[PDB]
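Visitor: One structure, pasted below without further comment.
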DNA sequence: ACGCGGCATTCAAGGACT
DNA sequence: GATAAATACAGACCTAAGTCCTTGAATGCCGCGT
DNA sequence: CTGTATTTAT
Ligand SMILES: Nc1ncnc2c1ncn2[C@@H]1O[C@H](COP(=O)(O)OP(=O)(O)OP(O)(O)=S)[C@@H](O)[C@H]1O
Ligand SMILES: Nc1ncnc2c1ncn2[C@@H]1O[C@H](COP(=O)(O)OP(=O)(O)O)[C@@H](O)[C@H]1O
Ligand SMILES: [Mg+2]
Ligand SMILES: [Mg+2]
């Protein structure tokens, strides 16, 4: 078909701050700031798909009213991460004179701010303070650690958290009711489980299920969206017997098409994040997994090395 | 509001080209006499004062005094956008946020309107008071620009030693040194080439090189430079216009021992 | 075999310089009617369609259809190795490989033989669609290039609007905005300076500054450029040569 | 002491611009019979030798021979300090401390004075061996510079062939090939637009593109360049001034 | 202090009756210290810097060979370094304002190349202030009105290497005729090595919560929000001595 | 024709890599 | 005024490696003015 | 950790 329909993530992107479901304290604080005015400098950080860009965009829209065209400067940090940007474009926008409602000021939105280079970030330090009376900067990034500490000092540290299953279920139910989709409770629960708090993943998976099969049922959602790799990897690592681990590997990972490097990397990540196993045993399994990773990266990527790694882990656990 | 129509756009183009390499932001005070403007250099060593009277404008109309904060690079680009023979009309509305430059040619019916967003510059309108100058000097502008450009290669300092009926410029640098001596002479045949000297007291002063380059960058404005010296006060460098001038107030070096 | 001779060796120089920056890979296919060249930019935003005719060549001979592919960066380098007062000769064997360029002047006996290795470019679609565009205008190339280069400094997007005997180029950016208004006028004293515009429906679309600046590099070929516009159709930037034409098919932006 | 009144500052300007990007520090050996200047690059491939005679000066007087070390870029900065309708005067004391450059103008009301501080550089011996060359040709400097700049694009190795009254320049690159063929021609209507090929033995030599580009920088001095080829000796690249010569001895690979 | 701020606001309102509204400004800039008696913590560093900048002229008359009683008379340039947000820039601005010098502020992160820094700051080192001369030179209370104090902020962001200007400024600051106040965040950096022996190091430390208790209580009383001093220590510990962030 | 004047392009040094 | 609490803070910074990225300096060609 | 520096307390 020549034309396409808009995705549900962008078509149903919240246009007001109330539609945002998660992080109730932060959303209420941003709504109070929007009503009262005098927006402070901030960095918004968290996981992908929990509503950081949407929150800042709704805040800017509501704060600036009809003046969003001029008062808002949109600059994807990854696209424009040079000191030249700060020297010319950001500085000229900050020195720009614009008549606004009393409380409100001009807003700079720098999405994906974690990718800004050191030079541009350091140059922004004085632009943040010199033109603060007229210009207010806003930062959105996946990881706040990439942003230098002095820049974090000048702004409010507003930190987001992974979306709870209840809020994702509420948003999914709202979209389902609005667009008349047939669903089952098991299917919605499975979509929430696969999303793992990423609302964007949940909505994309709902779109895929609806378009492909037409009914939101557990069977369809599992065929169209596979079970999360770390869970099968953890089940393989935490099996009681060696033969069980070998069987889980052969069936779920090797025969299904997962690569050796992916398997070993996910095993390392799961092992480092495991909590039931004591730290010493966890560390020695990490050692064995790292040896297997070294062999795979040197070029020996085979079922034999993965089985040997499982055998070493089981020997380590069996004392 | 304000509707100021220039006879020609090349005049404003050359004027803005005169002092865009020294100061980046200027406040244009548009009053019933005309547009007086002064802005401090970023190094706070040079001050540029510009006035253009109503006589320059074909039709100048102002309702209320307003401030025009502009960026020199953007203004230079906009004037570059227009042709030489157009009549440039500056139009501003109430509570100005942008300036509507109006290049228009009477020969054709082409009309080009460029809107320059007004920059918000906060600076004090420091007052300027004249004082008695020991040395008032006028030279051909081309020779002045040439000698400054020549000595600036050797060093970053220009030393103006006006001895009795003598004008000596000395530059001392790491690799070589240069000295130029100019003798006052007046020619009745060509008034432009003639050199005039007034010396109440002798003055010896040293000035920065890059500021002097930025000063002589305004050579296109006037054929004759207006140079006035005071030992403890900034030296006024003036380029005379039909209805105004381009003042340059430069700070000297420290004359240690 | 192909033996194409230019009386003005600088003509092919100017044609290649017109679209050297736009594209690097072009298929110069030579037939009996003349050389036809077509190429697409890496971003796939501009289509270049060159059509040289036999009238341009002093002596043109093409035994069989042949497809000669080359790199514009190297070919332009080859062309800058010739003086103004020379005659170019394009030579290609029966099997297309290692095209030979000959810069010869007979007033002072000098010979300049240069070669360029051919390349296998698979894309040989060779399709252009003739459409009844909503508006067809013609203006001097110098004026259009001046307007484009003057408005490209304000922003990266230039908007062209066609209305009843009014042509407007609008560019709104971060430092400000600007709009140039011109009208179709006919001057009997100097026909070259006149501006024509035949409009059927109002036209409103925006183009990119980089591609427009790349297109206006072709102003060195012809003194007048014809521009045809239509609703959601590729803008046709046509430079007419003595024997043929050079057309730039621009794709507008999305509203 | 040394007193040299040059005919025009522009002439010495071109002599300096002949070898701007070639060497950085040189020592001008000043004697009664003109001035000599020799320089050797860091790659040990070219030998710049500059000889200008007394007849090239309007007035030249030097009782005591003096070594005059100077820096090229600062010397050019000094040269970029006078009008092209001015005459140059080089005046120095016996102490090698600073070199005084005097700009004299026809109107006696405009005088310019400049100085150049000397630097000490270990000079190299004179390479004036006149070994026999197989072939000798002379062509205008502008055409040769155009050919060199044109063929330097294809490849960084220049092939020059002279055999049976033919002059060839070949530059085989990765993208294609280049071959410029020129025959010797003598023109009565204009002497400078003539090619004088005097061959005694065939020559097949390979030369570096960058060094050739450096040599063709001296095209502003003379309308023609005299170039001599030898298969066992470095080729000579000579530009003929009013009463002097600028020479490059490029050692082929 | 809350009552004093209310009186100041009332005087400002009367003056306006006779341009940015106060509530528009952020709390960091609206409660910025206007005099050196309001800076919290690092009192010794402020006193030492004030004494150095006051005796700079006397050391200049002595040609900087003599160190003096305090010892801050042999160094031409001074460096203020510490954790971010503790008040180095405010202290430098305030000591410059009190003693009457003309403040010239340059952001080294914005201007880090050799060319721009070289030209600008070089022609700034040995030049008087046209703003200082035209700013009522007639009264003789402030002789230092002519001269410049170049407070170069964000010195830690200059380009490194010989081509970088961070090593050039080391050669630059020893030959200057005006006071230089460099400010950086990470003094112990490889790029900042040329600066140990050419600058008067001044280590601004993290202020203790007791000093900022009064300031926080004042800004809490003014803004009509209730603050208990028991949680102020936890706020400072969480924020790690950063007054701006708290 | 002949010389500067910005502006595009090429070169070189520093930092980072989970 | 000296000696204890009470605590913030400095101890130090390398050479290679492959490839991408950025920033400033040095470089080139090309348009305008005289 | 150990050693040095600064501010409030005895
Ligand atoms: N000691 C202090 N007492 C009171 N307010 C302070 C203090 N330190 C910082 N502030 C506040 O924080 C604002 C900014 O202070 P700055 O001096 O800019 O911080 P900084 O120490 O320079 O760190 P930077 O700017 O990240 S390098 C001031 O305007 C004050 O409002
Ligand atoms: N808390 C939320 N409430 C409602 N929708 C959300 C929420 N978080 C994310 N979304 C949906 O995800 C889409 C894109 O999320 P986005 O805000 O870009 O993620 P990120 O915060 O990682 O940038 C939006 O269209 C929005 O509909
Ligand atoms: Mg986002
Ligand atoms: Mg600071």
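So this one's electron microscopy, 3.0 Å, going by the header.
The backbone N, Cα and C atoms fix where each Cβ goes, and this holds for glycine too.
Swiss-Prot lists D:61-80 with the feature DNA-binding region, giving sequence analysis as the kind of evidence. The feature SUMO cross-link is assigned by Swiss-Prot to D:127, D:164, with experimental evidence given as support. The ubiquitin cross-link annotation in Swiss-Prot covers D:164.
Are these features on the surface or tucked inside, and what touches them?
Guide: Remote same-chain partners of the DNA-binding region (D:61-80), defined as residues 6 or more beyond its termini with a Cβ less than 8 Å from a stretch Cβ, comprise 1-4, 9, 12-13, 16-17, 19-20, 23-32, 92, 94, 96, 99, 101, 114, 116, 118-121, 123.
If you take the C-beta of residue D:127 (SUMO cross-link) and look for same-chain residues 6 or more apart in sequence within under 8 angstroms, you find D:38, D:47, D:49, D:249.
Sequence-distant contacts of residue D:164 (SUMO cross-link), defined by Cβ-Cβ distance under 8 angstroms and a gap of at least six in the same chain, do not exist.
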Visitor: Could you give the number of helix, strand and coil residues in the DNA-binding region (D:61-80) as assigned by DSSP?
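Guide: Residue counts for the DNA-binding region (D:61-80) by secondary structure: 8 helix, 8 strand, 4 coil.
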Visitor: Once the DSSP letters are reduced so that anything not helix or strand counts as coil, what is residue D:127 (SUMO cross-link)?
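Guide: Note: residue D:127 (SUMO cross-link) is coil by DSSP, not helix or strand.
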